[PDB]
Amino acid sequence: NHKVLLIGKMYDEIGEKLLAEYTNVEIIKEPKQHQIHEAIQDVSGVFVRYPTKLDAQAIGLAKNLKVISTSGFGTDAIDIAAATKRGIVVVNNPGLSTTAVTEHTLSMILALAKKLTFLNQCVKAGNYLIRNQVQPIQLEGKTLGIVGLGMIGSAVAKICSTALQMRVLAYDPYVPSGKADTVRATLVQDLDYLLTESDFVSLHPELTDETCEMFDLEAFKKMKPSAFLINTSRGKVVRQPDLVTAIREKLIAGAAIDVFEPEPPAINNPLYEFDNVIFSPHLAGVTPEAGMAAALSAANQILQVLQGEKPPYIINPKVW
């Protein structure tokens, strides 16, 4: 008897089939606003594919709505205030993609070190002789600076220190030094030391008021001119105009970016111009395996709310 609207497909169809066994499911892909308005009127649950926005108008039209689930961690595209006003439960699906982001981070570190995209373009252009001018970087013995020694930061640190034989430094004010020792990294309390020491800086912190735009022009100035920045965390950790300046003025050597501010990025983003910046469209956490886990978690939590059971990942717990 309950109806559920998926605003965008889940990252794996198993969550859609789980929902369809217990509710009447409708899926709308890259919808126009009027389609959201018509399809949401009588549904009891809503799923939102990141980074699609769910606004106050649509929530106000959703007369029967009891639960909203995002596809992953981020809830910035949901008008949570409007949902909370109406007593609607908002749920996210976090921490299900550690392995996916760890692998993606490694791919980006290696791609920057081996100058992958540049050398590929040179060969295809007939310039095999570029090998007389540029050489890859050997990762062994170089220093990797990890900002945020959490689930993904620790996993990346462990692979880079042991398999790749890098020297790993980690900055994270909320962790004991023993947590870095576990993954054969060294914890450092001075972010400046991490910046001046690192040949690769990879960002993995939680986004907070403290980490918001912590990577600004002053940070890039302290980094080695030869160093690379990798960001798979959140776009707001980096102040985008300063990264543009830093790349253009050669304060750093390059960057690999999976996350943007804003999300989605505009089509004229000034970073696109630079051949030493490489991009993925917020996919580090979206392998099929991570997608299946997130889709099951989203489907489960919707069904839980509809049956009056408290789900694990409520974002606005005061409505419960």
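Numbers for residues come from their place in the sequence shown, where the first is 1.
S.K.: Mean CA B-factor: is it higher for 43 to 51 or for 264 to 272?
M.R.: Stretch with the greater average CA B-factor: 264 to 272.
S.K.: Quick check: 200 to 208 versus 82 to 90, which has the larger average CA B-factor in the record?
M.R.: It is 82 to 90.
S.K.: With respect to the C-alpha temperature factors reported in the PDB entry, which of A62, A255, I68, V286 ranks highest?
M.R.: Most elevated C-alpha B-factor of the set, per the entry: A62.
S.K.: Would you mind finding, among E218, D172, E140, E103, the residue with the largest C-alpha temperature factor in the entry?
M.R.: The record points to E218.
S.K.: Using only modelled residues of the chain, where does the Cα B factor of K158 rank: lowest third, middle third or highest third?
M.R.: Its C-alpha B-factor belongs to the lowest third of this chain's values.
S.K.: What third of its chain, lowest, middle or highest, does the C-alpha temperature factor of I109 fall into?
M.R.: For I109, whose C-alpha B-factor we compare with every modelled residue in the chain, the answer is the lowest third.
S.K.: Lowest, middle or highest third: where is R167 by C-alpha B factor in its chain?
M.R.: Ranked within chain, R167 CA B lands in the lowest tercile.
S.K.: Consider only the C-alpha atoms of the modelled residues in this chain, order them by B-factor as the entry records it, and name the third containing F228: lowest, middle or highest.
M.R.: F228: CA B-factor falls in the lowest third of its chain.
S.K.: Just say lowest, middle or highest third for the CA B-factor of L119 relative to the other modelled residues in its chain.
M.R.: Its C-alpha B-factor belongs to the middle third of this chain's values.
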